[PDB]
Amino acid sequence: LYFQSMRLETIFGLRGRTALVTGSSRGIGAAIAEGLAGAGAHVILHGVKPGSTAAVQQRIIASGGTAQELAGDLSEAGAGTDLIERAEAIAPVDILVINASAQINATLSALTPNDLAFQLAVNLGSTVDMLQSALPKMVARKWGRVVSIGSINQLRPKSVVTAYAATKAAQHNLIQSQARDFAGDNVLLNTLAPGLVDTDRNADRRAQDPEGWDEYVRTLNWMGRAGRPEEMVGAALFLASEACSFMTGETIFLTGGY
């Protein structure tokens, strides 16, 4: 009962809050989802197909947390709106982690109309839709957290991911304009922008080409290595909790130094 101000549970604890984490079936979203549940949030997991989140759900339950799934392809018109509405019908959504994204590599000469539109639909379109449904609901409850997963490419882009990088820049810009609008309602939005992280998106290459991969990562960033998904978790807990009550519209870069 005394000196409560300074405890980890007071600062980062999420008991009584609910988080929706898009693309939490695996990778960074899965790590973040487990971390959030670890701090006490009830977590609504999401993936494209029904049942894709089963393994993460069971890890959350086995660690004494609670979680359930909502599935859906975010490339579909209105999908972001519908996801929020379904999540809200389960419980008030206090925390939204915008993690699922589309990425098709191509330099400008290889960028097709289809690929550009798909990456916009998922990365910008569904983001606009989810914020449009979720933010008024958080504003009405006077508390909200959006943790948008961005990328070092939002700030220093490489043409190998031309379109994706451009959608990540637009996405953070949304986080900024809305943070400015709703800060006074305790509805805060920030971006967590990773550099290179070991996930499925590169699982195959690592396994098939260790020599190359190591020479590449060695001069990519100051640590000379890829990050692990679990290394995103602290920053996500910070951005999802009372701990960031005086921070909004900002980006935390986790790039291994870059």
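Note that residue numbering begins at 1 and tracks the sequence as displayed.
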| property | result |
| --- | --- |
| Per the entry, higher mean C-alpha B factor between 124-132 and 161-169 | 124-132 |
| Stretch exceeding the other in mean C-alpha B-factor - 78-86, 172-180 | 78-86 |
| Candidate set 207, 189, 196, 192 [ranked by C-alpha B-factor, highest] | 207 |
| Given 42, 26, 225, 46, the residue at which the Cα B factor reaches its maximum | 42 |
| Modelled-residue ranking by C-alpha temperature factor, third containing residue 231 | lowest |
| CA B-factor ranking of residue 240, expressed as a third of its chain | middle |
| Third assignment of residue 62 from its chain's C-alpha B-factors | highest |
| Entry-reported Cα temperature factor of residue 10, expressed as the chain third it lands in | highest |
| Third of chain Cα B-factors occupied by residue 145 | lowest |
